[PDB]
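Shown below, as structure tokens, is a lone chain in the form deposited in one PDB entry; questions about how it binds or moves come after it.
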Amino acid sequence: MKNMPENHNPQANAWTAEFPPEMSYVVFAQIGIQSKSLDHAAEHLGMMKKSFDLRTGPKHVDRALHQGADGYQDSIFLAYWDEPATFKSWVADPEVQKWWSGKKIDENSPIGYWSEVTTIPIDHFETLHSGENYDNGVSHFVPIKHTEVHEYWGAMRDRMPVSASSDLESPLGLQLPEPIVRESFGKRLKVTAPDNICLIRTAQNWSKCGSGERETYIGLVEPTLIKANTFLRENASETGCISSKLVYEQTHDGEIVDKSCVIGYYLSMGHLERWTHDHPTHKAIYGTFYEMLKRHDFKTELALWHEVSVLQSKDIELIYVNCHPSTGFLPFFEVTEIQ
């Protein structure tokens, strides 16, 4: 509790995941089919859906839809394992090998494939939940406990165990350049990330909200979350944000539900902290959130949560097959053709 204010007394409760002692890693896989029309993605999305039901499949998996650049959409699965060896065995399963790593994607194909697989060391991971909710990413399969370590600037860092001994910094005084345009269509590309990047999934869940809370969330809060994410996508150098996606979650059948989340990679957790604490875009969000809590008596069915991880280069595998150049990590760092 290095950053906790003196006599800290949070006003709102919060919960955080408490991992069992035999758990050393969480595998968080984002797998995306990229298309201009969802009909072209239908066949791929069927094969992958069945693969998640294998005995070696993820402990939990969400679907989400992302509207990306230039009319291209990403149909994404967000899949979790609590054992890397089980995930490795799922990949090697022959049904998965039919489509893994864009194997079905030709160089003249109308769809793209991408995957960003992060193997998260547990001491480099933390979660926060506005309520005792068992349907928030890892809280589907990991118990959560009440925490006082929240509601101050630095609490995220303090909730992450390794920050007791590590600064988690990126190189001093250096920034992301302007994004570079790659010739990524028709190619199988691999990107190598630097050490200590920070990945956040921060989520909004209003499916249990009544008439009043839903109108206030859609009308007041969501517009500024969108503005936040748009700003982040367009100001990589200034913010340190490598990649930011606002996605809307879907049923197994792909119908949109009243849930969204932002998935962002940052050059370091300090970059994420500086944006969150000092930028007006989020200051705005936090301000329309308290203005919504003032319109409904600070009694909320809205549910928020986030998962934050700090990754070494070798913890994350970034593969883009026949993808648009602005996808994910493609505009930054070292790209390599896969043979």
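Superpose the two forms; the largest set of C-alphas matching within 1.5 Å is the rigid core. One rule holds for the numbers: they count along the sequence shown, beginning at 1.
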item	value
Between 98-106 and 209-217 (mean CA B-factor, as deposited), the higher	209-217
Selected stretch [higher average CA B-factor]: 223-231 or 190-198	223-231
Residue with highest C-alpha B-factor in the PDB entry, from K314, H271, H282, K59	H282
Member of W275, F28, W305, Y286 with the greatest C-alpha B factor (per the PDB record)	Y286
Assigned third (lowest, middle, highest) for the C-alpha B factor of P325	middle
Third of chain Cα B-factors occupied by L54	middle
Third of chain Cα B-factors occupied by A17	lowest
Chain third (lowest, middle, highest) by recorded CA B-factor, residue given as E83	middle
Entry-reported Cα temperature factor of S35, expressed as the chain third it lands in	middle
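Omitted here: the form deposited in another entry. The next part is about that form.
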| query | finding |
| --- | --- |
| Out of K36, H296, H277, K50, the residue that alone shifts its CA by 2 Å or more between this form and the one not shown when the rigid core is the reference | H296 |
| Did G173 shift 2 Å or more between this form and the one not shown, C-alpha, core superposed | yes |
| Closer or farther: C-alpha pair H296/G219 in that other deposited form, relative to this form, given a change of 3 Å or more | farther |
| Direction of C-alpha distance change in that other deposited form, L267 to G173 (at least 3 Å) | closer |
